[PDB]
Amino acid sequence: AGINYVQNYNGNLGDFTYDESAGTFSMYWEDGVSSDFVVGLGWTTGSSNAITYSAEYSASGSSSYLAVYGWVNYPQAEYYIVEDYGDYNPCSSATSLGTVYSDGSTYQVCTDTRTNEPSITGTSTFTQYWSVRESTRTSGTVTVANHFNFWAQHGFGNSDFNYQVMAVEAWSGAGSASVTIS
């Protein structure tokens, strides 16, 4: 793996353990949360290399995602490749970009603009790009390049990356995750 970055945004709202050299982390929020956390492991600089993972992920009562997650510095953008999620599909609500096919499934692709929200430079306005897997799963390989190349047709900068992680996010409800990045 060569993990060199630990993602912890409000991880203290649940129980987050990890081991960088093994590439594994777990996150338990059995009691529920009513604020946003994002936790995971990855790299201080993103790239388009494939990521392979294996997880147990249980969040059907939760507004949550199991995702490849990271940022582009300029133009400022937050992105997700959502492999499995709970009760909330971010593309229901957002502007549709079409469909991409990759690694065994179609993904719905969409984008949204977030204004004055927490970001890698503090509080700012940025674009989000989402690929949401049509057949959800909790293990496999994400050929990141196929998503980046599609989003790049729609303004994604596709270079000048900040961090990139395999992550679990939840902001409501309860569940449980355990993830290995190989």
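Don't overthink the numbering: it's just position in the shown sequence, from 1.
Checked against the record, the higher mean CA B factor of 63-71 and 23-31 lies with 23-31. Relative to one another, 115-123 and 148-156 have unequal mean CA B-factors, and 115-123 is the one with the higher figure. For the set 77, 109, 94, 82, the PDB entry puts the maximum C-alpha B factor at 94. The residue among 58, 141, 44, 48 whose C-alpha carries the highest B-factor in the deposited model is 58. Ranked within its chain, residue 180 lands in the middle third, by CA B factor from the PDB record. Among all modelled residues in its chain, residue 10 ranks in the middle third by Cα B-factor.
For residue 167, the recorded CA temperature factor ranks within the lowest third of the chain's modelled residues. The entry lists a Cα temperature factor for residue 89 that places it in the highest third of the chain's modelled residues.
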